[PDB]
Structure formats: C-alpha cells, structure tokens
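**Student:** Handing over input-v4.txt, compact mmCIF, C-alpha atoms.
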```
# COMPACT_ATOMS: atom_id res chain seq x y z
CA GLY Z 1 104.17 66.88 103.02
CA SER Z 2 105.00 69.71 105.42
CA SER Z 3 102.25 71.91 106.85
CA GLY Z 4 102.27 75.58 107.80
CA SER Z 5 105.28 77.88 107.87
CA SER Z 6 108.56 77.61 109.78
CA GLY Z 7 109.69 81.18 109.19
CA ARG Z 8 108.63 83.20 112.23
CA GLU Z 9 106.23 82.85 115.15
CA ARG Z 10 102.47 83.01 114.60
CA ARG Z 11 101.82 86.72 114.05
CA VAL Z 12 98.56 86.44 112.11
CA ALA Z 13 96.81 84.77 115.05
CA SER Z 14 98.71 86.88 117.58
CA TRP Z 15 96.30 89.60 116.47
CA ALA Z 16 93.60 87.75 118.41
CA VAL Z 17 95.34 87.13 121.73
CA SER Z 18 95.12 90.84 122.55
CA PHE Z 19 94.96 94.35 121.10
CA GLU Z 20 98.46 95.38 122.15
CA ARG Z 21 99.59 92.70 119.70
CA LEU Z 22 97.50 94.17 116.88
CA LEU Z 23 99.36 97.49 117.02
CA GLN Z 24 102.79 96.28 118.14
CA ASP Z 25 102.84 94.30 114.89
CA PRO Z 26 103.21 96.28 111.64
CA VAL Z 27 101.06 93.73 109.82
CA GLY Z 28 98.13 93.84 112.23
CA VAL Z 29 97.90 97.58 111.63
CA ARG Z 30 98.33 97.54 107.86
CA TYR Z 31 95.29 95.27 107.70
CA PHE Z 32 93.26 96.82 110.52
CA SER Z 33 93.56 100.30 108.99
CA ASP Z 34 92.31 99.18 105.58
CA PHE Z 35 89.28 97.55 107.20
CA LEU Z 36 88.16 100.82 108.79
CA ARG Z 37 88.53 102.55 105.42
CA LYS Z 38 86.06 100.00 104.04
CA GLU Z 39 83.33 101.85 105.93
CA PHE Z 40 85.17 105.18 106.02
CA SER Z 41 86.08 104.75 109.68
CA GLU Z 42 89.81 105.40 109.26
CA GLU Z 43 89.52 108.49 111.46
CA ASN Z 44 88.97 105.98 114.26
CA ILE Z 45 92.53 104.67 114.04
CA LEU Z 46 93.96 107.89 112.59
CA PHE Z 47 92.95 109.71 115.78
CA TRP Z 48 94.41 107.13 118.18
CA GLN Z 49 97.81 107.23 116.48
CA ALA Z 50 97.86 111.03 116.76
CA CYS Z 51 97.39 110.93 120.54
CA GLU Z 52 100.29 108.52 121.06
CA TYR Z 53 102.40 111.16 119.31
CA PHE Z 54 101.00 114.00 121.42
CA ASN Z 55 100.74 112.34 124.83
CA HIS Z 56 104.33 111.18 124.38
CA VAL Z 57 105.40 114.83 124.26
CA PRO Z 58 106.44 116.23 127.67
CA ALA Z 59 104.34 118.82 129.50
CA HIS Z 60 107.18 121.33 129.83
CA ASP Z 61 107.49 121.44 126.05
CA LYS Z 62 104.63 123.70 124.97
CA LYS Z 63 105.77 124.69 121.48
CA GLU Z 64 105.11 121.09 120.43
CA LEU Z 65 102.14 120.23 122.65
CA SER Z 66 100.22 123.24 121.32
CA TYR Z 67 101.01 122.56 117.66
CA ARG Z 68 99.66 119.03 118.10
CA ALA Z 69 96.83 119.65 120.57
CA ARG Z 70 95.43 122.31 118.24
CA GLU Z 71 95.98 120.36 115.02
CA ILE Z 72 94.70 117.06 116.41
CA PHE Z 73 91.75 118.92 117.93
CA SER Z 74 90.61 120.95 114.92
CA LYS Z 75 91.40 117.74 113.05
CA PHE Z 76 88.98 115.31 114.71
CA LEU Z 77 87.63 117.34 117.63
CA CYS Z 78 86.00 120.54 116.40
CA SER Z 79 82.77 122.20 115.25
CA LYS Z 80 83.62 121.96 111.55
CA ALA Z 81 86.11 119.11 111.84
CA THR Z 82 86.29 117.05 108.65
CA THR Z 83 85.33 113.84 110.45
CA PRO Z 84 84.44 113.97 114.17
CA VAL Z 85 85.42 110.85 116.12
CA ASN Z 86 82.98 109.04 118.40
CA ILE Z 87 84.69 110.97 121.20
CA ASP Z 88 82.72 113.99 122.40
CA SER Z 89 84.50 117.35 122.54
CA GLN Z 90 82.19 118.11 125.47
CA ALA Z 91 85.37 117.81 127.53
CA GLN Z 92 85.89 121.51 126.84
CA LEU Z 93 89.37 120.42 125.76
CA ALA Z 94 89.66 123.29 123.27
CA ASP Z 95 89.64 126.02 125.92
CA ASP Z 96 92.43 123.94 127.46
CA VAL Z 97 94.49 122.44 124.63
CA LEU Z 98 94.34 125.94 123.15
CA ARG Z 99 95.64 127.84 126.18
CA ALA Z 100 97.51 125.00 127.88
CA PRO Z 101 97.21 121.35 126.76
CA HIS Z 102 98.12 118.26 128.78
CA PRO Z 103 100.30 115.26 127.84
CA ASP Z 104 98.09 113.19 130.15
CA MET Z 105 94.63 114.67 129.65
CA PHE Z 106 94.42 113.12 126.18
CA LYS Z 107 95.17 109.73 127.76
CA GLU Z 108 91.44 109.71 128.51
CA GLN Z 109 90.15 110.51 125.03
CA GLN Z 110 92.70 108.27 123.31
CA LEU Z 111 91.56 105.39 125.51
CA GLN Z 112 87.95 106.03 124.51
CA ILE Z 113 88.70 105.06 120.91
CA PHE Z 114 91.08 102.24 121.86
CA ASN Z 115 88.22 100.39 123.55
CA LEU Z 116 85.61 101.53 121.03
CA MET Z 117 87.35 99.87 118.09
CA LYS Z 118 88.56 97.00 120.28
CA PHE Z 119 84.86 96.14 120.51
CA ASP Z 120 83.66 97.90 117.36
CA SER Z 121 86.20 97.30 114.60
CA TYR Z 122 88.71 94.93 116.20
CA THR Z 123 85.75 92.61 116.69
CA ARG Z 124 84.42 92.77 113.13
CA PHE Z 125 87.92 92.82 111.62
CA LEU Z 126 88.17 89.20 112.78
CA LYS Z 127 84.61 88.36 111.71
CA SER Z 128 85.39 89.67 108.23
CA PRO Z 129 87.07 87.45 105.60
CA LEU Z 130 89.90 89.96 105.19
CA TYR Z 131 91.57 88.92 108.44
CA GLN Z 132 91.13 85.28 107.43
CA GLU Z 133 93.17 85.99 104.30
CA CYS Z 134 96.30 85.92 106.46
CA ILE Z 135 94.93 83.04 108.53
CA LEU Z 136 94.79 80.64 105.59
CA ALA Z 137 98.43 81.43 104.82
CA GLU Z 138 99.30 80.78 108.47
CA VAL Z 139 97.41 77.50 108.81
CA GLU Z 140 98.37 76.44 105.28
CA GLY Z 141 101.83 77.96 104.97
CA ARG Z 142 101.60 80.55 102.21
CA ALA Z 143 102.54 84.22 101.85
CA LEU Z 144 100.32 87.08 103.02
CA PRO Z 145 98.27 89.15 100.53
CA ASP Z 146 98.07 92.94 100.33
CA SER Z 147 95.23 94.52 102.31
CA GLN Z 148 95.13 97.43 99.88
CA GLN Z 149 95.00 95.01 96.95
CA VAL Z 150 92.04 93.21 98.54
CA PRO Z 151 88.77 94.53 97.05
CA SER Z 152 86.56 96.37 99.53
CA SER Z 153 83.50 94.68 98.03
CA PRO Z 154 83.01 91.11 99.34
CA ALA Z 155 82.42 88.03 97.20
```
Transcribe the structure of this file into structure tokens.
**Tutor:**
Amino acid sequence: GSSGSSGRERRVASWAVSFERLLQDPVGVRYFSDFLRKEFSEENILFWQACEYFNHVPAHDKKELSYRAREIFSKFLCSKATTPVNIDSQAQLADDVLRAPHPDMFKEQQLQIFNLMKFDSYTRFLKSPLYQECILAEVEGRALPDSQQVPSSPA
C-alpha cells in the first residue's frame, strides 16, 4: 500500500519552512486569510497585501501613489478608519501620503505587520487544527479541504 502523494512537492509543510513560502503559495494564503477572519483579524493580512501593491508603484508616478496612499491610509490608518491595524499612524504619514507619498516609506509599516503576524497569526495558524487539515492529506495522501468550508467553531 502506497503512502502519501506523488503529485507535486510538499507545499503544505513548505508553509512552515518560512513565511515567504506562505505567501508565494496560493494555498498558504487561502488558508492563512481564513484563519485571521476567525478572530476578525483579516485587516492584518488585508493591509499587508495593499502595501505590496502601493510600494511596487514608482515614485515618479503620483496619480497612482496618491490614490493608493490615501485609500490605504483612510482604509486602515485613520482616525475613523473601519479597522485600525496594529501599526500606529503616529508616523504622521497622512501629512505625507496626502501631499507626497513614498513608494519606500511604506516599506516600514508593511514590515511591521509582516513580522507581527509571523509571530502572532503565522504562529497560531500552525498551532490550530485548520493548518493540520492539509497536513493529514500530505502525510496520508488525500486531497485538501476548503478553508472557507471549514467551520470557524472548533470541535
């Protein structure tokens, strides 16, 4: 009797070797995201993604930078922002992002969350049974479930 799967390399576990692997892989994110939602911490990952989109934008290009900087800001970083991220807007970014943003400045904030979750969520994500769901299929050799399908409430 065969054991495990012979389809592709170990991706389920690859989400433990490092963080870069968690994102790089479309599966590691689909599951990670859901987890956060469990405790209404999506904003954590939602914010990070945004940055990547902003930072990527060149400095010269303002039309875009602004649109994003402002949106992203008033989105997570603001006084009445729906859900403020752990990050502190004390960086007086507004006054900046508003007048003239920076495709590098964010690099700092974005990183803040990256590490936060990496030690906040990323850590638990593995401790939780959800992540294991894919593990069993990897060690056993079965298909992977659907994060969304998985009930937030534990057994």
**Student:** Determine, counting only C-alpha atoms, which protein, DNA and RNA residues have an atom within 12 Å of an atom of residue 60 in chain Z; residues of the same chain fewer than 3 positions away are not included. Present the result as a list in words.
**Tutor:**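 Once the nearby chain positions are removed, what remains is residues 56, 57, 63, 64, 65, 66, 100, 101, 102 and 103 of chain Z.
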**Student:** Quick one: residues within 10 Å of residue 47 in chain Z, all atoms listed in the file counted, chain neighbours fewer than 4 positions away excluded, as a ChimeraX atom specification?
**Tutor:** /Z:42-43,51-52,72-73,75-77,84-85,87,109-110,113-114
**Student:** Could you please determine the separation between CA of residue 7 in chain Z and CA of residue 35 in chain Z in Å, to one decimal place?
**Tutor:**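 Separation of CA of residue 7 in chain Z and CA of residue 35 in chain Z: 26.2 Å.
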**Student:** Counting all atoms listed in the file, which residues of range 39-138 of chain Z sit at most 8 Å from some atom of range 15-26 of chain Z, and what is each one's closest atom pair with its distance in Å to one decimal, listed by chain and rising residue number, as a tab-separated table?
**Tutor:**
```
residue	atom	partner	partner_atom	distance
Z:118	CA	Z:19	CA	7.0
Z:122	CA	Z:19	CA	8.0
Z:126	CA	Z:16	CA	8.0
```
**Student:** Could those selected residues go to a file with C-alpha atoms, as a compact mmCIF listing (two decimals), keeping the file's coordinate frame?
**Tutor:**
```txt
# COMPACT_ATOMS: atom_id res chain seq x y z
CA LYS Z 118 88.56 97.00 120.28
CA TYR Z 122 88.71 94.93 116.20
CA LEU Z 126 88.17 89.20 112.78
```
**Student:** Taking all atoms listed in the file into account, which of Z:150, Z:36, Z:143, Z:69 comes nearest residue 50 in chain Z?
**Tutor:**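 Closest to residue 50 in chain Z of all the choices is Z:69.
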**Student:** Would you compute the distance between CA of residue 39 in chain Z and CA of residue 112 in chain Z? Give it in Å to one decimal.
**Tutor:**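 Answer for the CA of residue 39 in chain Z to CA of residue 112 in chain Z separation: 19.6 Å.
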**Student:** Go through Z:59, Z:105, Z:117, Z:137 one by one, measure the shortest atom-to-atom distance of each to residue 3 in chain Z using only C-alpha atoms, and give the residue with the smallest value.
**Tutor:** Z:137
**Student:** Could you check which of Z:70, Z:96, Z:128, Z:41 is closest to residue 155 in chain Z, using all atoms listed in the file?
**Tutor:**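 Under the stated criterion, the closest residue is Z:128.
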**Student:** Taking all atoms listed in the file into account, name the residue in Z:108, Z:133, Z:120, Z:146 that is nearest to residue 13 in chain Z.
**Tutor:**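 Checking each of Z:108, Z:133, Z:120, Z:146 against residue 13 in chain Z, counting all atoms listed in the file, the winner is Z:133.
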**Student:** Residue 34 in chain Z: which residues within 9 Å, counting only C-alpha atoms, same-chain residues fewer than 3 positions away excluded, as number ranges by chain?
**Tutor:** Z: 29-31, 37-38, 42, 147-148, 152
**Student:** Using CA of residue 53 in chain Z and CA of residue 74 in chain Z as the two end points, give the distance in Å to one decimal.
**Tutor:**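 We find that CA of residue 53 in chain Z and CA of residue 74 in chain Z lie 15.9 Å from each other.
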**Student:** Anything within 6 Å of (102.6, 89.2, 112.6): list those residues as a list in words, counting all atoms listed in the file and sticking to the file's coordinates.
**Tutor:**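 Protein, DNA and RNA residues close to (102.6, 89.2, 112.6): residues 11, 12, 25 and 27 of chain Z.
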